[PDB]
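First comes one chain, alone, set out as structure tokens in the form deposited in one PDB entry.
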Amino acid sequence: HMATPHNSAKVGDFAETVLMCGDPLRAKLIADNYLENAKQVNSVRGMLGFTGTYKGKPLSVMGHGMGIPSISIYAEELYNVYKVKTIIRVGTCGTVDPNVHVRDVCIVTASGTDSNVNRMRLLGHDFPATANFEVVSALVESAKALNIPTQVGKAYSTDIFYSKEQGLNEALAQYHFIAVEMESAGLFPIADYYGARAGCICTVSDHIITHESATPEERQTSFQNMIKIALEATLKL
């Protein structure tokens, strides 16, 4: 009998800090290239998860799939069953902000959404999906120590990758949303429920307004910046 319907890991197999990204093959890339002593601890549904050490400190990395419902399953389980204390989401994003550019690293303070999941948690009201301040601060300070500039601010998590919605990008730009992605607004309230911590850091692959797009080489540079910031932050958490 598995510890959860979606994870074959035993309790204790996950470290107290987990980095998560949507693509399980990127979780494997992170484990292979940045973790020592790495072991695979889950392969249910292909959602690869790993546990090793980064500069001596135990750390896990696991895929979360695409969209709020998917990350909600995995994060709820990590906090509840596996007793994880901190999850940092790592990924790519689009941007609409006029002063944010392709290749920028975005540290998320809070995330809006077009999902109903947070209204359902707070009697239909506005519940800001808010990153933990110690996690945000650790990402900011790590980036500074690594000499990597960052953008710090709001994300927007959508349920629909293939948006047909007119006027959305313009409103997001007006209020200086810096990242558009699909998961962070589902993660932060789950961390709240469990008295635990979460954050998110993303790299800008596309400017939704100007249509600038990162080259493969720029995506490599940005990814290497982002993952080093996240990894060094875990030593602080």
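A residue's number is simply how far along the shown sequence it sits, counting from 1.
Below: the form deposited with a small molecule bound, not depicted.
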Residue-level question: is residue 78 within 4.5 Å of the small molecule in the bound PDB entry, judged on heavy atoms? no
Although the partner isn't part of this model, could you tell me whether residue 133 comes within 4.5 Å of the small molecule in the bound PDB entry, counting any heavy atom of the residue? no
Taking the small molecule as it sits in the bound PDB entry, is residue 94 near enough to touch it, meaning that at least one heavy atom pair lies within 4.5 angstroms? yes
Although the small molecule is absent from this view, report whether residue 208 comes within 4.5 Å of it in the bound PDB entry, heavy atoms only. yes
Contact segment among 175-183, 189-197, 32-40, 54-62, judged by heavy atoms lying within 4.5 Å of the small molecule in the bound PDB entry: 175-183
